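Structure record follows, encoded as structure tokens.
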Amino acid sequence: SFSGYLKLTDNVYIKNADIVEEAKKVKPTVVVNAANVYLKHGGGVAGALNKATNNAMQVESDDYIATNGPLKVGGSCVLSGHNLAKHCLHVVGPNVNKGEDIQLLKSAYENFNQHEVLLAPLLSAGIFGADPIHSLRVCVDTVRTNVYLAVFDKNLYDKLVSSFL
Ligand SMILES: NC(=O)c1cnc(C(F)(F)F)nc1
């Protein structure tokens with residue numbers, strides 16, 4: 001199972017780790033992708049997860065979008081986890097660099113409650129532009145299921161742990 005995580009709350013754990021390397025090691029039931037509405041996995045966590053699947057995630061995602069259309073900001077879909085996990089839960093947090101409503105971050109985290117355990121990044125953090133301290137706060141106050149957060153950046157991980165209320 002998950003190792004080396006710091007326990008933040010009854011159900012939220014955190015580790016300074018590359019979510020791709022973490023997924024390859026744990027092979028969790030669910031890995032969360034920091035997706036956009038088009039499932040265009042170009043950069044950030046999405047680009048990294050997709051590259052690890054040798055682009056199979058993007059091929060599957062394009063077929064999903066061709067059939068279903070785009071996701072909503074705050075929404076999700078369950079697709080294959082490929083070589084990384086049983087499933088990938090593609091969750092769209094608001095991208096504040098695209099002027100999206102930060103209030104939708106709670107709706108985005110609510111998707112995690114449909115899965116008993118997940119390996120996840122902080123939603124809307126990184127290239128999505130939100131404050132990761134705020135994202136962790138919304139995560140702990142919204143997610144009730146077991147969430148193992150992988151924070152790529154060591155300096156950000158230390159700031160998140162040291163400032164956690
Ligand atoms: N394995 C990678 O190449 C990798 C790159 N970038 C990231 C990011 F975006 F979370 F920081 N995580 C992993």
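Every chain in the structure tokens has a letter given in the order shown (A, B, ...), and although residue numbers restart at 1 in each chain, ligands are simply numbered from 1 in the order shown.
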
Tell me, counting only C-alpha atoms and all ligand atoms, for each residue of chain A within 10 Å of ligand 1, which pair of atoms is nearest and how far apart they are in Å to one decimal, in rows ordered by chain and increasing number, as a tab-separated table.
residue	atom	partner	partner_atom_place_in_ligand_line	distance
A:17	CA	ligand 1	12 (N)	8.5
A:18	CA	ligand 1	13 (C)	5.1
A:19	CA	ligand 1	12 (N)	6.1
A:20	CA	ligand 1	1 (N)	5.3
A:21	CA	ligand 1	1 (N)	6.6
A:22	CA	ligand 1	1 (N)	9.6
A:34	CA	ligand 1	10 (F)	9.2
A:43	CA	ligand 1	9 (F)	6.6
A:44	CA	ligand 1	9 (F)	3.4
A:45	CA	ligand 1	9 (F)	4.0
A:46	CA	ligand 1	9 (F)	7.3
A:47	CA	ligand 1	9 (F)	7.2
A:48	CA	ligand 1	4 (C)	4.7
A:49	CA	ligand 1	1 (N)	7.2
A:50	CA	ligand 1	3 (O)	9.6
A:51	CA	ligand 1	3 (O)	7.6
A:52	CA	ligand 1	1 (N)	7.3
A:121	CA	ligand 1	10 (F)	7.8
A:122	CA	ligand 1	10 (F)	9.7
A:125	CA	ligand 1	10 (F)	9.4
A:126	CA	ligand 1	9 (F)	7.1
A:127	CA	ligand 1	9 (F)	7.9
A:150	CA	ligand 1	10 (F)	8.7
A:151	CA	ligand 1	10 (F)	7.5
A:152	CA	ligand 1	11 (F)	5.4
A:153	CA	ligand 1	11 (F)	7.0

Exercise for the section: Determine, counting only C-alpha atoms, which protein, DNA and RNA residues have an atom within 10 Å of an atom of residue 12 (chain A); residues of the same chain fewer than 4 positions away are not included. Present the result as an NGL selection string. Expected result: :A and (5-8 or 136 or 139-141 or 143-149)

Practice task
List the neighbours of residue 54 (chain A) out to 10 Å using only C-alpha atoms; skip same-chain residues closer than 5 positions along the sequence, and give me the result as an MDAnalysis selection string.
Solution key: chainID A and resid 49 59 82:83

Could you take the residues named above and write them with N, CA, C and O atoms, as a PDB file, in the first residue's frame?
ATOM      1  N   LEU A  49       1.358  12.306 -16.475  1.00  0.00           N
ATOM      2  CA  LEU A  49       0.642  11.011 -16.415  1.00  0.00           C
ATOM      3  C   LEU A  49       0.481  10.452 -17.831  1.00  0.00           C
ATOM      4  O   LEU A  49       0.756   9.283 -18.049  1.00  0.00           O
ATOM      5  N   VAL A  59      -5.118   8.997 -26.198  1.00  0.00           N
ATOM      6  CA  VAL A  59      -5.901   8.315 -27.238  1.00  0.00           C
ATOM      7  C   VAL A  59      -7.271   7.935 -26.676  1.00  0.00           C
ATOM      8  O   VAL A  59      -8.307   8.245 -27.275  1.00  0.00           O
ATOM      9  N   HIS A  82      -4.496   2.710 -17.189  1.00  0.00           N
ATOM     10  CA  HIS A  82      -3.410   2.223 -18.041  1.00  0.00           C
ATOM     11  C   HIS A  82      -2.372   1.447 -17.195  1.00  0.00           C
ATOM     12  O   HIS A  82      -2.758   0.571 -16.415  1.00  0.00           O
ATOM     13  N   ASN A  83      -1.097   1.767 -17.332  1.00  0.00           N
ATOM     14  CA  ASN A  83      -0.039   1.123 -16.577  1.00  0.00           C
ATOM     15  C   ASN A  83       0.180   1.755 -15.186  1.00  0.00           C
ATOM     16  O   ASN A  83       1.074   1.298 -14.452  1.00  0.00           O
TER      17      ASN A  83
END

Exercise for the section: Kindly indicate which residue among A:2, A:133, A:77, A:57 lies nearest to residue 27 (chain A), using only C-alpha atoms for the distances. Expected result: A:2

Problem - Nearest to residue 32 (chain A) by atom-to-atom distance, counting only C-alpha atoms, from A:131, A:78, A:154, A:58 - result: A:78

Exercise for the section: Using backbone DSSP assignments, extract all strand (DSSP E) residues from region 26-142 of chain A; output them as a ChimeraX atom specification. Expected result: /A:30-34,76-80,87-91,117-120

Take the selection from the previous step and output its residues with N, CA, C and O atoms, as a compact mmCIF listing (two decimals), in the first residue's frame.
# COMPACT_ATOMS: atom_id res chain seq x y z
N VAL A 30 -7.23 3.99 -7.89
CA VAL A 30 -7.53 5.25 -8.54
C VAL A 30 -6.38 6.23 -8.44
O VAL A 30 -5.95 6.57 -7.33
N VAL A 31 -5.93 6.73 -9.57
CA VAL A 31 -5.03 7.86 -9.63
C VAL A 31 -5.85 9.04 -10.17
O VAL A 31 -6.58 8.88 -11.14
N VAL A 32 -5.78 10.20 -9.52
CA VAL A 32 -6.46 11.38 -9.99
C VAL A 32 -5.57 12.16 -10.94
O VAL A 32 -4.41 12.41 -10.66
N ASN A 33 -6.13 12.55 -12.10
CA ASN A 33 -5.45 13.43 -13.01
C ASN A 33 -6.00 14.84 -12.86
O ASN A 33 -7.22 15.05 -12.70
N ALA A 34 -5.12 15.82 -12.91
CA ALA A 34 -5.46 17.23 -12.93
C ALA A 34 -5.79 17.58 -14.38
O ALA A 34 -4.98 18.13 -15.11
N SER A 76 -15.83 15.47 -13.46
CA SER A 76 -14.88 14.40 -13.61
C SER A 76 -15.39 13.31 -14.52
O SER A 76 -16.60 13.23 -14.78
N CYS A 77 -14.51 12.41 -14.89
CA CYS A 77 -14.89 11.18 -15.52
C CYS A 77 -13.88 10.10 -15.14
O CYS A 77 -12.71 10.40 -14.84
N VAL A 78 -14.32 8.86 -15.10
CA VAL A 78 -13.46 7.72 -14.81
C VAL A 78 -13.05 7.05 -16.09
O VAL A 78 -13.91 6.63 -16.88
N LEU A 79 -11.76 6.97 -16.34
CA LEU A 79 -11.24 6.28 -17.49
C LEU A 79 -10.22 5.23 -17.00
O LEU A 79 -10.04 5.04 -15.78
N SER A 80 -9.54 4.54 -17.91
CA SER A 80 -8.55 3.55 -17.53
C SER A 80 -7.37 4.24 -16.85
O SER A 80 -7.04 5.38 -17.16
N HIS A 87 -7.87 2.62 -12.43
CA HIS A 87 -8.63 3.71 -13.03
C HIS A 87 -7.93 5.02 -12.89
O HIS A 87 -7.20 5.24 -11.93
N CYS A 88 -8.22 5.94 -13.80
CA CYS A 88 -7.83 7.31 -13.66
C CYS A 88 -9.10 8.13 -13.52
O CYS A 88 -9.98 8.08 -14.39
N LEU A 89 -9.19 8.88 -12.42
CA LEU A 89 -10.29 9.80 -12.22
C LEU A 89 -9.81 11.16 -12.70
O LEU A 89 -8.95 11.80 -12.05
N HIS A 90 -10.27 11.58 -13.87
CA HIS A 90 -9.89 12.86 -14.47
C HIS A 90 -10.76 13.92 -13.85
O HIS A 90 -11.96 13.91 -14.08
N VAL A 91 -10.19 14.78 -13.01
CA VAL A 91 -10.97 15.80 -12.31
C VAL A 91 -10.57 17.17 -12.79
O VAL A 91 -9.38 17.43 -12.87
N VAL A 117 -10.51 5.12 -1.87
CA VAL A 117 -9.13 5.51 -1.73
C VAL A 117 -8.59 6.04 -3.06
O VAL A 117 -8.87 5.49 -4.12
N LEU A 118 -7.81 7.13 -2.99
CA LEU A 118 -7.25 7.73 -4.20
C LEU A 118 -5.83 8.23 -3.97
O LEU A 118 -5.53 8.74 -2.88
N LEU A 119 -5.01 8.14 -5.00
CA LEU A 119 -3.71 8.80 -5.10
C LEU A 119 -4.03 10.06 -5.90
O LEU A 119 -4.61 9.95 -6.98
N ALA A 120 -3.67 11.26 -5.42
CA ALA A 120 -4.07 12.49 -6.08
C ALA A 120 -3.10 13.60 -5.99
O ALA A 120 -2.39 13.71 -5.00

Practice task
DSSP on the backbone, then: every residue of region 7-59 of chain A marked helix (DSSP H, G or I), written as a ChimeraX atom specification.
Solution key: /A:19-26,44-52,56-59

Exercise for the section: Excluding residue 72 (chain A) and any residue of its chain fewer than 6 positions from it, enumerate the residues within 9 Å of it, using only C-alpha atoms, and give them as a VMD selection string. Expected result: chain A and resid 36 to 37 92

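When CA of residue 84 (chain A) is paired with CA of residue 35 (chain A), their separation reads 15.7 Å.
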
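One finds CA of residue 95 (chain A) at 13.5 Å from CA of residue 39 (chain A).
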
Handout entry: Separation of CA of residue 97 (chain A) from CA of residue 128 (chain A) in Å
Key =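 Straight-line distance from CA of residue 128 (chain A) to CA of residue 97 (chain A) works out to 6.2 Å.
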